[PDB]
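# Examination of the molecular architecture
So you can see what is in the structure, the chains are spelled out below.
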Amino acid sequence: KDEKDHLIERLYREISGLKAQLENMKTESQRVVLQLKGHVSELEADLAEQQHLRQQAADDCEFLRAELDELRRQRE
Amino acid sequence: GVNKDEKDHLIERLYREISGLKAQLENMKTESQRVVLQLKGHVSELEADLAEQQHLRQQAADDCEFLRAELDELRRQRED
């Protein structure tokens, strides 16, 4: 047989294309997944900061609220 | 004979390998889309929570501004 030989050949070329595709997708997918993971981790650290900063700001007003009540009670 | 069946045999094996390879590709991209989608959703929820923290930070700042302006003036009015 010949023509089978050329199909063989083409199938092997096809197989090579597909295995190359898997490796590419595997590696590119893993990359995208890892940078997304890094970003959410970065966002978690940013959040904790903002929550700290925000906790401090809110307590400041509570403190001021009490200081104001105290002042006005000095003539109540 | 001339080698006809042996080539038909291999051709079949190569058909099977190709089909296995395309099933892998499908299963990989389906799995990947699934993970990426969940990560992107987490990102935007985290971003939403960052946005709300700034809103409340701003609100506390305006509140302090008000409180401090009240304090300053009530004393001002009393020093007369």
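You'll find the structure just up there.
Turning next to the overall build of chain A. If you tally the helices and strands in chain A, you get one helix and zero strands. Relative to its length of 76 residues, chain A is extended, with a C-alpha radius of gyration of 33 Å against a globular reference of 11 Å. By principal-axis analysis of the C-alpha atoms, chain A measures approximately 110 × 15 × 5 Å.

Oppositely charged side chains can pair when the atoms bearing their charge come close. Within this structure, the stated rule accounts for 11 salt bridges over all chains. Between A:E23 and A:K26 there is a salt bridge, with the nearest N and O atoms lying 4.0 Å from each other. Pair noted here: A:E23 and A:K26 are both in helix α1 (residues 4-72), with a separation of three residues, about one helical turn. Bridged by salt links that share partners, the residues A:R10, A:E14 and B:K22 form one connected network.

By size, the foremost hydrophobic cluster in this structure holds 12 residues: A:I8, A:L11, A:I15, A:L18, A:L22, A:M25, B:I11, B:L14, B:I18, B:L21, B:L25 and B:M28. Of all the secondary structure elements, the ones that give two or more residues to this core are α1 of chain A together with α1 (4-78) of chain B. Counting residues in hydrophobic clusters, the runner-up holds 10 residues, among them A:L47, B:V36, B:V43 and B:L50.

For the rest of this paragraph, the subject is the interface of chain B and chain A. Listed per partner, the contact involves 41 residues of chain B and 43 residues of chain A. Considered class by class, the residues forming the side of chain B that touches chain A number 21 nonpolar, five polar and 15 charged.

Attention now goes to the state of the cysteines. All chains considered together, the criterion is met by one disulfide over all chains. One disulfide in the model links A:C61 with B:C64; its S-S distance is 2.5 Å. Across the S-S bond linking A:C61 and B:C64, the dihedral sits near -120°, which makes this disulfide left-handed. Taken together, the residues A:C61 in helix α1 and B:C64 in helix α1 connect one chain to another. Taking the relative accessible area as the measure of exposure, B:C64 reaches 16% and is therefore buried.

Calculation notes
- Residues numbered from 1 in each chain as written, not as in the entry; some residues may be left out.
- Chains lettered and ligands numbered in written order.
- Heavy atoms only, no water.
- Residues with missing side-chain atoms left out of burial classes, pairs and counts.
- Helix = DSSP H or I, 4+ residues; strand = E, 2+ residues; numbered from the N terminus.
- Rg over C-alpha atoms; globule rule 2.2 N^0.38 Å.
- Salt bridge = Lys/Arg side-chain N within 4 Å of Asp/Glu carboxyl O.
- Core = buried A, V, L, I, M, F, W, Y, C linked by side-chain atoms within 4.5 Å.
- Buried < 20%, exposed > 50% of the residue type's maximum accessible area, 1.4 Å probe, protein only.
- Contact = heavy atoms within 4.5 Å.
- Nonpolar A, V, L, I, M, F, W, Y, C, P; charged D, E, K, R; others polar.
- Disulfide = S-S within 2.5 Å.

Coordinates in, geometry out; function isn't part of it.
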